[PDB]
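**Student:** Protein chains in written order, with the numbering used here: chain A, 17 to 103; chain B, 126 to 213; chain C, 17 to 103; chain D, 12 to 100; chain E, 339 to 427; chain F, 10 to 97. Note that beta-carbon positions come from the ideal geometry of N, C-alpha and C, so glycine has one too. One structure, pasted below without further comment.
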Amino acid sequence: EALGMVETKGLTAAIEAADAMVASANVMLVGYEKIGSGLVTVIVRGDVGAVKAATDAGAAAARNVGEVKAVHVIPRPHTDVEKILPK
Amino acid sequence: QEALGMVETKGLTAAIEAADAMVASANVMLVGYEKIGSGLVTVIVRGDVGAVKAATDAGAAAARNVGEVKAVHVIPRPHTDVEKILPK
Amino acid sequence: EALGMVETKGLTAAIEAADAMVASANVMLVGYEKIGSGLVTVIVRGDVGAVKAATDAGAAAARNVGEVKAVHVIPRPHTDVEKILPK
Amino acid sequence: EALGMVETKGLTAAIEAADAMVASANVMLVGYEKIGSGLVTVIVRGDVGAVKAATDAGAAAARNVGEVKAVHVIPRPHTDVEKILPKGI
Amino acid sequence: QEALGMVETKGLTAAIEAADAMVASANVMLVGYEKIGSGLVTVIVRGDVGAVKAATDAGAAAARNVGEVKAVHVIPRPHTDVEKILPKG
Amino acid sequence: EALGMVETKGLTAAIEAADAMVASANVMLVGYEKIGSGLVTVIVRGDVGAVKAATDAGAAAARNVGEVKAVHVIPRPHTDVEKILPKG
């Protein structure tokens, strides 16, 4: 299934993105990934339509709270990338 | 679903002061702190919407005199149980 | 009991703050915390009077070594010391 | 075998680089490394031709998501893959 | 107790040079390096006050020719057990 | 034996420095050290001449990939290489 990502500088904006994503569409919250330097990536899974709507809503909600650094949807991930995603 | 409140600061002393100011009222529960690097610390609380709004306002007011406030936000009705919504 | 904090930019100023605090008053060193951006917090505990004298001395000594970002005393922490402090 | 690297500022661009690298050629994803300043390196291994094609595709895909800081191929690593790579991949 | 000497750099190469110059200049024991992130590294030495003052001065002078020195300090007489003021790791 | 260091901003630059350094038989790769702020140090050992040529080659290869932050050779390290180097 499709992968959706919203990356912020600041955790409060990432929490807000996570909540707005799960509220807006039928997506599963995979989790948060912290890479340091204040950067937090919120990851969601679901059908491509649901993931596109959820990432759009999560990015729009996060921008009202803090800094959004990246927003992206991978409609059909290659099976080899599940290895680098947070459990 | 009880409300979630966040006060995110640059500086730990500012975050501890925000935590202490927030828990100073009986109906506000401290969930914990989260560190993400770049000196950013988030203090997370839970309780009734009104109690969380008053707590985050008080937490940000206390933190700003010690360090910098980066974010202040209340989620009145978090989706799922707060545990799924919150980082590990 | 009271909590005292001296937060510096860099570790050297923080170690000097820790030593000046224990030299000046009857306080216990809880530890050092790191949060990134070179920020280090030295945390002490004891009676309010001792913590006020220690933090004042700690900040004064640290300023001669590096940058002091914050100095603060919480006379009566509103929850358990272990619960108000980060893990 | 050849080593391929795509280093981005931010994780989202790195995940996109990883996905595009494995989709574009017969390469194995070794993993990702974090070094601070928001820098994330995605590392692949395989035949030189496959690694060159994969890194080119990974960098092109990552640039549409975020900032690409470095793209590089080591065709024949001098010491064993595990030796020249840092411990936690 | 024994004196503590510290040289804090931004960059590990300057810290290694400080550590080598500190142990070469006087009868001091290298305690170790402390990394706090943000590229900051503190080199800590222990020994007699005179030896520590000479060693820290030499360590800072040598490190400045390699990279950035952020702090230089000597604690002549620690006011509690050295294990209590030194960070855990 | 001598110690050589090439410190870069960027891991790709550090891996390229490491590969260039070990491209000659009498240079041993000790390892990498990360300290945050994107700074990575590649450490080598061997005869002073081999280490000087290795660090010069490591810095030259790394600079075309990312930034070189430090390049240094210690011809005669005091104590053994392990007592002067950080734990990891």
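Name, please, each residue of chain F whose Cβ falls closer than 7 Å to the Cβ of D358 of chain E.
**Tutor:** In chain order: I83, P86, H87 and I93.
**Student:** Hey, is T21 of chain F's beta-carbon within less than 9 Å of any beta-carbon in chain E?
**Tutor:** No - not a single Cβ of chain E is within 9 Å of the one on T21 of chain F.
**Student:** Whose CA, out of E:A399, E:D419, E:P414 and E:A364, lies closest to the CA of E346 of chain E?
**Tutor:** Answer by Cα proximity: E:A399.
**Student:** What are the partner residues of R171 of chain B, as DSSP defines its beta bridges?
**Tutor:** Its beta-bridge partners are B:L129 and B:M154.
**Student:** Output the distance between the C-alpha atoms of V81 of chain A and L27 of chain A, rounded to the nearest integer angstrom.
**Tutor:** When rounded, the distance between both Cα atoms is 10 Å.
**Student:** For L20 of chain F, list the residues DSSP reports as bridge partners.
**Tutor:** Looking at the DSSP assignment, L20 of chain F forms no beta bridge with any residue, so it has no partner.
**Student:** Identify the continuous beta strand (DSSP E) that holds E208 of chain B and give its terminal residues.
**Tutor:** Segment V207 to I210 is the alpha helix (DSSP H) holding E208 of chain B; no beta strand (DSSP E) there.
**Student:** When the cut-off is 9 Å and only beta carbons count, does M344 of chain E lie next to chain C?
**Tutor:** It does; some Cβ of chain C falls within 9 Å.
**Student:** Under a three-way DSSP split, which group does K45 of chain D fall into?
**Tutor:** Three-state DSSP puts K45 of chain D in a strand.
**Student:** Taking just the CA atoms, how far does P201 of chain B sit from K50 of chain A?
**Tutor:** Taking the straight line from one Cα to the other gives about 25 Å.
**Student:** If the cut is a Cβ gap below 7 Å, which residues of chain B does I59 of chain A touch?
**Tutor:** Ordered by position in chain B, no residue passes the 7 Å Cβ test against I59 of chain A, which lies about 12 Å from the chain.
**Student:** How is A149 of chain B classed by DSSP in three states: helix, strand or coil?
**Tutor:** In the structure shown, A149 of chain B sits in coil (DSSP, three-state: anything other than H, G, I, E or B).
**Student:** Shorter than 9 Å from the beta carbon of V87 of chain C to some beta carbon of chain B?
**Tutor:** It does: the Cβ of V87 of chain C has a partner Cβ on chain B nearer than 9 Å.
**Student:** Starting from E25 of chain F, find everything on chain D with Cβ-Cβ shorter than 8 Å and list it in chain order.
**Tutor:** Within 8 Å Cβ-Cβ: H83 and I85.
**Student:** Hey, would you say residue 14 of chain A sits closer than 9 Å to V89 of chain A, going by beta carbons?
**Tutor:** Shown here, chain A extends from 17 to 103; a query on residue 14 of chain A therefore has no answer.
**Student:** List the residues of chain H that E17 of chain C touches, going by C-beta distances under 7 Å, in chain order.
**Tutor:** The structure shown contains no chain H; its protein chains are A, B, C, D, E and F.
**Student:** Taking the beta strand (DSSP E) that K103 of chain C belongs to, which residues open and close that run?
**Tutor:** No beta strand (DSSP E) holds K103 of chain C; DSSP gives it neither H nor E.
**Student:** Quick one: list the residues of chain F neighbouring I46 of chain D, beta-carbon separation under 8 Å, in chain order.
**Tutor:** Simply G19, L20, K43, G45, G47, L48 and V49.
**Student:** Which one of E:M344, E:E421 and E:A393 has the shortest CA to CA distance from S363 of chain E?
**Tutor:** The option with the nearest alpha carbon to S363 of chain E is E:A393.
**Student:** Strictly below 9 Å CB to CB, what residues from chain B border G82 of chain A?
**Tutor:** Those are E133, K195, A196 and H198, listed as they occur along chain B.
**Student:** In terms of DSSP beta bridges, what is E406 of chain E paired with?
**Tutor:** According to DSSP, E406 of chain E bridges with E:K348.
**Student:** Please list the partners that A34 of chain D has in chain A, where partner means a Cβ-to-Cβ separation under 7 Å.
**Tutor:** Going along chain A in sequence order, the residues near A34 of chain D (Cβ under 7 Å) are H94.
**Student:** Is any beta-carbon of chain E found at less than 9 Å from that of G47 of chain C?
**Tutor:** Yes, its Cβ sits closer than 9 Å to a Cβ of chain E.
**Student:** Can you tell which of C:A33, C:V97, C:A78 and C:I31 has its C-alpha closest to the C-alpha of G62 of chain C?
**Tutor:** Here the closest residue by C-alpha is C:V97.
**Student:** How about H87 of chain F and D358 of chain E: are their beta carbons less than 9 Å apart?
**Tutor:** Yes, the Cβ-Cβ distance between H87 of chain F and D358 of chain E is below 9 Å.
**Student:** So which residues of chain D does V64 of chain A contact, with C-beta pairs closer than 8 Å?
**Tutor:** Correct list: empty, because the minimum Cβ distance to chain D is about 14 Å.
**Student:** Tell me which same chain residues have a C-beta within less than 7 Å of the C-beta of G377 of chain E, skipping the five on either side of it?
**Tutor:** If we look at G377 of chain E and ignore the five residues flanking it on each side, its Cβ neighbours are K348 and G349.
**Student:** Run the CB neighbour count on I100 of chain D, radius 10 Å, all protein chains shown included, and call it buried at 16 or more, exposed below.
**Tutor:** So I100 of chain D counts as exposed.
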